[PDB]
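Coordinates as given in protein31.txt (compact mmCIF, N, CA and C atoms):
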# COMPACT_ATOMS: atom_id res chain seq x y z
N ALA A 15 -9.46 -1.55 -21.63
CA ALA A 15 -8.04 -1.64 -22.08
C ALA A 15 -7.14 -2.20 -20.99
N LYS A 16 -7.10 -2.31 -19.68
CA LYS A 16 -6.47 -3.26 -18.74
C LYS A 16 -7.44 -4.25 -18.10
N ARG A 17 -7.89 -5.20 -18.90
CA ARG A 17 -8.97 -6.25 -18.94
C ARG A 17 -8.79 -7.47 -18.01
N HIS A 18 -7.62 -7.59 -17.39
CA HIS A 18 -7.30 -8.59 -16.37
C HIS A 18 -8.38 -8.73 -15.27
N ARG A 19 -8.64 -9.98 -14.92
CA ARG A 19 -9.40 -10.32 -13.71
C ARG A 19 -8.52 -10.03 -12.51
N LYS A 20 -8.95 -9.54 -11.42
CA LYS A 20 -8.34 -8.95 -10.26
C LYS A 20 -9.06 -9.39 -9.00
N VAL A 21 -10.36 -9.17 -9.00
CA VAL A 21 -11.31 -9.43 -7.86
C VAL A 21 -11.54 -10.95 -7.70
N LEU A 22 -11.16 -11.49 -6.54
CA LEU A 22 -11.34 -12.92 -6.24
C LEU A 22 -12.82 -13.35 -6.28
N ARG A 23 -13.08 -14.49 -6.90
CA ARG A 23 -14.42 -15.15 -6.91
C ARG A 23 -14.37 -16.51 -6.19
N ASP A 24 -15.52 -17.00 -5.69
CA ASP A 24 -15.61 -18.35 -5.05
C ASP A 24 -15.85 -19.51 -6.02
N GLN B 59 -2.49 24.15 4.81
CA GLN B 59 -3.52 23.08 4.97
C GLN B 59 -2.79 21.88 5.58
N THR B 60 -1.90 22.12 6.56
CA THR B 60 -1.09 21.02 7.15
C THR B 60 -1.98 20.03 7.90
N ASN B 61 -2.97 20.51 8.66
CA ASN B 61 -3.92 19.61 9.29
C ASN B 61 -4.71 18.78 8.24
N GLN B 62 -5.10 19.42 7.15
CA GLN B 62 -5.75 18.69 6.06
C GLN B 62 -4.78 17.71 5.36
N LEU B 63 -3.51 18.08 5.21
CA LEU B 63 -2.52 17.16 4.62
C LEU B 63 -2.25 16.00 5.58
N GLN B 64 -2.31 16.25 6.89
CA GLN B 64 -2.23 15.19 7.90
C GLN B 64 -3.42 14.27 7.79
N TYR B 65 -4.59 14.86 7.61
CA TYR B 65 -5.79 14.09 7.36
C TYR B 65 -5.66 13.26 6.10
N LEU B 66 -5.13 13.85 5.02
CA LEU B 66 -5.00 13.09 3.76
C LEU B 66 -4.05 11.90 3.92
N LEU B 67 -2.99 12.04 4.73
CA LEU B 67 -2.04 10.94 4.96
C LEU B 67 -2.60 9.85 5.88
N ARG B 68 -3.02 10.30 7.07
CA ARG B 68 -3.28 9.44 8.22
C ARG B 68 -4.69 8.92 8.22
N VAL B 69 -5.61 9.61 7.55
CA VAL B 69 -7.00 9.12 7.44
C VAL B 69 -7.29 8.66 6.02
N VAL B 70 -7.18 9.58 5.06
CA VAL B 70 -7.58 9.27 3.67
C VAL B 70 -6.66 8.19 3.06
N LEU B 71 -5.37 8.46 2.91
CA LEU B 71 -4.47 7.46 2.32
C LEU B 71 -4.44 6.17 3.13
N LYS B 72 -4.42 6.28 4.45
CA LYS B 72 -4.34 5.10 5.30
C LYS B 72 -5.49 4.14 4.99
N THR B 73 -6.73 4.62 5.06
CA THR B 73 -7.93 3.82 4.78
C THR B 73 -7.97 3.16 3.39
N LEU B 74 -7.65 3.92 2.35
CA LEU B 74 -7.68 3.39 0.98
C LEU B 74 -6.60 2.34 0.78
N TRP B 75 -5.43 2.58 1.37
CA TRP B 75 -4.22 1.76 1.20
C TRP B 75 -4.46 0.35 1.74
N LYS B 76 -5.14 0.28 2.88
CA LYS B 76 -5.42 -0.98 3.56
C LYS B 76 -6.60 -1.72 2.90
N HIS B 77 -7.30 -1.09 1.96
CA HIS B 77 -8.46 -1.71 1.30
C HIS B 77 -8.06 -2.92 0.44
N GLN B 78 -8.98 -3.89 0.33
CA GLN B 78 -8.76 -5.13 -0.45
C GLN B 78 -8.59 -4.85 -1.94
N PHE B 79 -9.03 -3.68 -2.36
CA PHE B 79 -8.94 -3.27 -3.76
C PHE B 79 -7.80 -2.30 -4.03
N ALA B 80 -7.02 -1.90 -3.01
CA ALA B 80 -5.90 -0.94 -3.18
C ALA B 80 -4.76 -1.36 -4.09
N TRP B 81 -4.47 -2.66 -4.15
CA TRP B 81 -3.19 -3.14 -4.66
C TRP B 81 -2.85 -2.75 -6.13
N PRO B 82 -3.82 -2.79 -7.07
CA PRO B 82 -3.46 -2.27 -8.41
C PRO B 82 -3.10 -0.76 -8.46
N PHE B 83 -3.41 -0.03 -7.37
CA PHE B 83 -3.19 1.41 -7.27
C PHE B 83 -2.05 1.83 -6.36
N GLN B 84 -1.30 0.86 -5.85
CA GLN B 84 -0.27 1.14 -4.85
C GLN B 84 1.06 1.50 -5.50
N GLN B 85 1.17 1.27 -6.80
CA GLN B 85 2.40 1.56 -7.52
C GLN B 85 1.97 2.05 -8.89
N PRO B 86 2.91 2.63 -9.65
CA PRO B 86 2.63 3.08 -11.01
C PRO B 86 2.14 1.93 -11.88
N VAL B 87 1.26 2.23 -12.83
CA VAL B 87 0.76 1.20 -13.72
C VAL B 87 1.94 0.58 -14.43
N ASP B 88 2.09 -0.72 -14.28
CA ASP B 88 3.13 -1.39 -15.03
C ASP B 88 2.63 -1.81 -16.41
N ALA B 89 2.87 -0.96 -17.42
CA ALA B 89 2.35 -1.19 -18.78
C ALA B 89 3.09 -2.29 -19.54
N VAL B 90 4.34 -2.54 -19.14
CA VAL B 90 5.10 -3.69 -19.66
C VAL B 90 4.48 -5.01 -19.15
N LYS B 91 4.52 -5.19 -17.83
CA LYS B 91 3.96 -6.39 -17.20
C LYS B 91 2.54 -6.67 -17.67
N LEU B 92 1.74 -5.61 -17.83
CA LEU B 92 0.31 -5.74 -18.10
C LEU B 92 -0.05 -5.69 -19.59
N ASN B 93 0.96 -5.61 -20.47
CA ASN B 93 0.74 -5.55 -21.91
C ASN B 93 -0.26 -4.43 -22.31
N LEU B 94 0.08 -3.20 -21.94
CA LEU B 94 -0.69 -2.02 -22.27
C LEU B 94 0.20 -1.09 -23.13
N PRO B 95 0.40 -1.46 -24.40
CA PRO B 95 1.34 -0.64 -25.20
C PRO B 95 0.95 0.85 -25.28
N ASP B 96 -0.35 1.13 -25.39
CA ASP B 96 -0.87 2.50 -25.48
C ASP B 96 -0.94 3.32 -24.18
N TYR B 97 -0.81 2.68 -23.01
CA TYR B 97 -1.11 3.37 -21.73
C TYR B 97 -0.36 4.67 -21.64
N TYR B 98 0.93 4.64 -21.97
CA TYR B 98 1.79 5.79 -21.72
C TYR B 98 1.74 6.79 -22.88
N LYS B 99 0.73 6.62 -23.74
CA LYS B 99 0.33 7.59 -24.77
C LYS B 99 -1.02 8.22 -24.44
N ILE B 100 -2.01 7.37 -24.15
CA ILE B 100 -3.33 7.85 -23.76
C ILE B 100 -3.29 8.61 -22.42
N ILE B 101 -2.57 8.07 -21.42
CA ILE B 101 -2.47 8.72 -20.10
C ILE B 101 -1.29 9.70 -20.03
N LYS B 102 -1.61 10.99 -20.02
CA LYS B 102 -0.63 12.07 -19.98
C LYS B 102 -0.01 12.35 -18.60
N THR B 103 -0.77 12.13 -17.51
CA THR B 103 -0.26 12.26 -16.16
C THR B 103 -0.54 11.02 -15.38
N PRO B 104 0.40 10.06 -15.39
CA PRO B 104 0.30 8.89 -14.54
C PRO B 104 0.26 9.28 -13.07
N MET B 105 -0.58 8.61 -12.32
CA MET B 105 -0.63 8.81 -10.89
C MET B 105 -1.08 7.51 -10.19
N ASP B 106 -0.59 7.33 -8.97
CA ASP B 106 -0.88 6.17 -8.19
C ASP B 106 -0.76 6.55 -6.68
N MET B 107 -1.32 5.74 -5.79
CA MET B 107 -1.29 6.00 -4.35
C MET B 107 0.11 5.88 -3.77
N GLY B 108 0.96 5.07 -4.39
CA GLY B 108 2.36 4.95 -3.97
C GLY B 108 3.07 6.27 -4.11
N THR B 109 2.87 6.92 -5.24
CA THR B 109 3.43 8.25 -5.52
C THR B 109 2.84 9.26 -4.57
N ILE B 110 1.54 9.20 -4.33
CA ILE B 110 0.88 10.15 -3.42
C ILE B 110 1.40 10.00 -1.97
N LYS B 111 1.53 8.76 -1.51
CA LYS B 111 2.14 8.44 -0.23
C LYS B 111 3.52 9.07 -0.08
N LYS B 112 4.34 8.95 -1.11
CA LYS B 112 5.67 9.53 -1.05
C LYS B 112 5.62 11.06 -0.99
N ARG B 113 4.69 11.66 -1.73
CA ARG B 113 4.50 13.09 -1.68
C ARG B 113 4.11 13.56 -0.29
N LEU B 114 3.19 12.82 0.36
CA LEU B 114 2.68 13.18 1.71
C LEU B 114 3.81 13.06 2.71
N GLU B 115 4.60 12.02 2.53
CA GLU B 115 5.71 11.72 3.43
C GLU B 115 6.94 12.61 3.23
N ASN B 116 7.15 13.13 2.02
CA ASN B 116 8.38 13.88 1.70
C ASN B 116 8.15 15.39 1.55
N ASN B 117 7.05 15.87 2.10
CA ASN B 117 6.71 17.29 2.07
C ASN B 117 6.68 17.90 0.67
N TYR B 118 6.22 17.11 -0.30
CA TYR B 118 5.94 17.61 -1.64
C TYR B 118 4.85 18.70 -1.69
N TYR B 119 3.77 18.54 -0.92
CA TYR B 119 2.56 19.36 -1.19
C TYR B 119 2.62 20.71 -0.52
N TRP B 120 2.11 21.74 -1.20
CA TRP B 120 1.99 23.07 -0.62
C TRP B 120 0.59 23.26 -0.04
N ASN B 121 -0.37 22.45 -0.47
CA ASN B 121 -1.70 22.51 0.14
C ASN B 121 -2.43 21.21 -0.08
N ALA B 122 -3.49 20.96 0.69
CA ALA B 122 -4.26 19.72 0.52
C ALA B 122 -4.95 19.58 -0.86
N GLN B 123 -5.34 20.70 -1.48
CA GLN B 123 -5.95 20.67 -2.83
C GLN B 123 -5.09 19.94 -3.85
N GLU B 124 -3.76 20.11 -3.79
CA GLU B 124 -2.85 19.47 -4.78
C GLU B 124 -2.85 17.97 -4.61
N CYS B 125 -3.04 17.53 -3.38
CA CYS B 125 -3.11 16.12 -3.07
C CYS B 125 -4.42 15.50 -3.51
N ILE B 126 -5.50 16.20 -3.21
CA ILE B 126 -6.81 15.79 -3.70
C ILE B 126 -6.84 15.77 -5.24
N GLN B 127 -6.24 16.78 -5.88
CA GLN B 127 -6.01 16.73 -7.32
C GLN B 127 -5.32 15.43 -7.78
N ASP B 128 -4.24 15.02 -7.10
CA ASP B 128 -3.53 13.78 -7.50
C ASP B 128 -4.42 12.53 -7.39
N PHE B 129 -5.15 12.41 -6.28
CA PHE B 129 -6.11 11.32 -6.10
C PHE B 129 -7.11 11.27 -7.27
N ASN B 130 -7.63 12.44 -7.65
CA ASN B 130 -8.60 12.56 -8.77
C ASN B 130 -7.99 12.15 -10.10
N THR B 131 -6.75 12.58 -10.32
CA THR B 131 -6.02 12.19 -11.53
C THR B 131 -5.93 10.67 -11.65
N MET B 132 -5.57 10.00 -10.54
CA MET B 132 -5.43 8.55 -10.49
C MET B 132 -6.75 7.86 -10.91
N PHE B 133 -7.86 8.28 -10.30
CA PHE B 133 -9.19 7.71 -10.62
C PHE B 133 -9.57 8.01 -12.07
N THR B 134 -9.37 9.26 -12.51
CA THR B 134 -9.64 9.67 -13.93
C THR B 134 -8.89 8.83 -14.95
N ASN B 135 -7.60 8.64 -14.71
CA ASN B 135 -6.80 7.81 -15.58
C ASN B 135 -7.46 6.44 -15.75
N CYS B 136 -7.90 5.88 -14.62
CA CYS B 136 -8.54 4.58 -14.63
C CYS B 136 -9.82 4.61 -15.45
N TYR B 137 -10.68 5.60 -15.20
CA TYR B 137 -11.95 5.70 -15.92
C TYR B 137 -11.80 6.05 -17.42
N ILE B 138 -10.79 6.83 -17.81
CA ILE B 138 -10.65 7.17 -19.24
C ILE B 138 -9.96 6.08 -20.06
N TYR B 139 -9.19 5.22 -19.39
CA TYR B 139 -8.40 4.21 -20.08
C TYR B 139 -9.06 2.82 -20.08
N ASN B 140 -9.86 2.52 -19.06
CA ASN B 140 -10.38 1.16 -18.90
C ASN B 140 -11.82 0.94 -19.35
N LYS B 141 -12.21 -0.34 -19.46
CA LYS B 141 -13.51 -0.72 -20.04
C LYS B 141 -14.54 -0.86 -18.92
N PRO B 142 -15.69 -0.18 -19.08
CA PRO B 142 -16.77 -0.28 -18.13
C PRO B 142 -17.10 -1.75 -17.79
N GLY B 143 -17.27 -2.02 -16.50
CA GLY B 143 -17.52 -3.38 -16.01
C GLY B 143 -16.26 -4.15 -15.60
N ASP B 144 -15.09 -3.77 -16.10
CA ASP B 144 -13.92 -4.59 -15.86
C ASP B 144 -13.54 -4.46 -14.38
N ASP B 145 -12.84 -5.47 -13.86
CA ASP B 145 -12.52 -5.53 -12.42
C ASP B 145 -11.80 -4.25 -11.95
N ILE B 146 -10.92 -3.67 -12.79
CA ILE B 146 -10.07 -2.55 -12.39
C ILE B 146 -10.95 -1.32 -12.13
N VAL B 147 -12.00 -1.19 -12.93
CA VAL B 147 -12.93 -0.08 -12.84
C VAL B 147 -13.85 -0.28 -11.67
N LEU B 148 -14.30 -1.50 -11.43
CA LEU B 148 -15.09 -1.76 -10.22
C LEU B 148 -14.24 -1.51 -8.97
N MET B 149 -12.97 -1.85 -9.03
CA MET B 149 -12.09 -1.56 -7.90
C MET B 149 -11.91 -0.05 -7.73
N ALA B 150 -11.62 0.69 -8.83
CA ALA B 150 -11.48 2.17 -8.71
C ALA B 150 -12.70 2.84 -8.14
N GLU B 151 -13.86 2.41 -8.58
CA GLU B 151 -15.13 2.94 -8.09
C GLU B 151 -15.34 2.76 -6.58
N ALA B 152 -15.08 1.56 -6.05
CA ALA B 152 -15.22 1.35 -4.59
C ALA B 152 -14.22 2.22 -3.80
N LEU B 153 -12.98 2.33 -4.27
CA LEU B 153 -12.00 3.23 -3.64
C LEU B 153 -12.41 4.70 -3.74
N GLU B 154 -12.95 5.10 -4.89
CA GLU B 154 -13.31 6.49 -5.08
C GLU B 154 -14.41 6.86 -4.13
N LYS B 155 -15.36 5.96 -3.95
CA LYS B 155 -16.46 6.18 -3.00
C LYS B 155 -15.98 6.38 -1.56
N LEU B 156 -15.05 5.54 -1.12
CA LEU B 156 -14.43 5.67 0.23
C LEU B 156 -13.65 6.96 0.34
N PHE B 157 -12.94 7.29 -0.74
CA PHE B 157 -12.18 8.52 -0.83
C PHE B 157 -13.10 9.73 -0.64
N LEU B 158 -14.18 9.75 -1.42
CA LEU B 158 -15.14 10.88 -1.42
C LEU B 158 -15.82 11.03 -0.05
N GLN B 159 -16.16 9.91 0.60
CA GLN B 159 -16.67 9.87 2.01
C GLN B 159 -15.71 10.49 3.00
N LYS B 160 -14.45 10.06 2.94
CA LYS B 160 -13.38 10.65 3.77
C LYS B 160 -13.12 12.14 3.39
N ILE B 161 -13.21 12.49 2.11
CA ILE B 161 -13.00 13.90 1.71
C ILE B 161 -14.12 14.83 2.17
N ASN B 162 -15.35 14.32 2.22
CA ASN B 162 -16.48 15.12 2.70
C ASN B 162 -16.37 15.38 4.20
N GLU B 163 -15.60 14.56 4.93
CA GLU B 163 -15.28 14.83 6.35
C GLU B 163 -13.94 15.61 6.57
N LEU B 164 -13.48 16.31 5.53
CA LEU B 164 -12.15 16.95 5.55
C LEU B 164 -12.13 18.05 6.61
N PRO B 165 -11.21 17.97 7.59
CA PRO B 165 -11.22 19.02 8.59
C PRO B 165 -11.05 20.42 7.98
N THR B 166 -11.76 21.38 8.56
CA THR B 166 -11.62 22.78 8.23
C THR B 166 -10.18 23.29 8.46
N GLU B 167 -9.78 24.29 7.65
CA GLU B 167 -8.50 25.07 7.72
C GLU B 167 -7.72 24.98 6.41
Write the structure described by the file as structure tokens, please.
Amino acid sequence: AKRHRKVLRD
Amino acid sequence: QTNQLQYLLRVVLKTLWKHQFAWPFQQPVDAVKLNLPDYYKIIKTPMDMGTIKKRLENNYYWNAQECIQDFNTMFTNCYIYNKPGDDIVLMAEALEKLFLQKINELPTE
């Protein structure tokens, strides 16, 4: 239910 | 538990706060910004590290247990409201692990 991407990827 | 409350501020909160995953937990969940219409229905006791920091700093707590309770509430809210695998839950889990490590070293008294 708070489904946003947050964690940085390369 | 003033030495333990000092520990919770200066060791426990300090370490988690500086973590790369702290930022979604540093302030109250913004349900408007984040389009979470249900959040403030499903979650009965909102909690965040920003609120906990203010409590530690403003002599809110009567013992370290109440503070540890607040930290647990914050993680629980995350786990009961969010979807397994999602970034927010992976972030809560890494913080909870660091939290639990620091709590297992909690000074006596």
Coordinates-based distance that separates atom CA of residue 76 of chain B from atom C of residue 15 of chain A (Å, one decimal):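 The value is 24.6 Å.
Taking atom CA of residue 130 of chain B and atom C of residue 116 of chain B as the two end points, the separation is 19.9 Å.
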At most 8 Å to chain A: residues in chain B, only N, CA and C atoms, as JSON, numbers by chain: {"B": [78, 79, 92, 93, 94, 138, 139, 140, 141, 142, 144, 145, 146, 147, 149]}
Find the axis-aligned box for segment 157-165 of chain B, covering all its listed atoms and adding 3 Å on each side, and write its centre and edge lengths in Å to one decimal as AutoDock Vina command-line options.
--center_x -13.9 --center_y 13.9 --center_z 3.6 --size_x 11.6 --size_y 19.1 --size_z 16.0
Atomic separation - atom CA of residue 117 of chain B relative to atom CA of residue 164 of chain B, Å: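 These atoms are spaced 19.2 Å apart.
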Residues within 8 Å of residue 165 of chain B, all atoms listed in the file, excluding chain neighbours under 3 positions, as a PyMOL selection string: chain B and resi 61-62+65-66+160-162
Those in chain B with alpha helix (DSSP H) from DSSP, as a PyMOL selection string: chain B and resi 60-65+72-75+97-100+107-115+122-139+145-162
